[PDB]
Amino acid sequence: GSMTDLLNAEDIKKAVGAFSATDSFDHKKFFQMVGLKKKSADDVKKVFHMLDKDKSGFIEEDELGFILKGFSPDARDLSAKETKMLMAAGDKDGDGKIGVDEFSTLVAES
């Protein structure tokens, strides 16, 4: 039920702390620092489902700003700007949302 069950805590601590500044967020650097590239595709799918709050099968623009909080509750929200850029990068169909396969690509291209 937790990210510490899928990832190392000190990896989460250093990755989140790296983006403590605002508008600083880069998803690729983050994903490498947390160790999601070290993980299996199914463990990455486990991450996506935790980030899906409503459990629609997609991460919408409202759920995307709480990405850091999915790894660390204490973490900050992403700005509208940071969220809107991560949505541009992750949305590949123009649906305006991110599905599991799109999320898998994000992590895989990091």
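Quick note: we count residues from 1 along the sequence shown, nothing fancier.
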The stretch whose C-alpha atoms carry the larger average B-factor in the entry, 98-106 or 11-19, is 11-19
Taking the C-alpha B-factors as the PDB entry records them, is residue 57 in the lowest, middle or highest third of its chain?
lowest
Tell me, lowest, middle or highest third: where does the Cα B factor of residue 27 rank within its chain?
lowest
Taking the values exactly as deposited, rank residue 38 by C-alpha B-factor within its chain and report the matching third: lowest, middle or highest.
highest
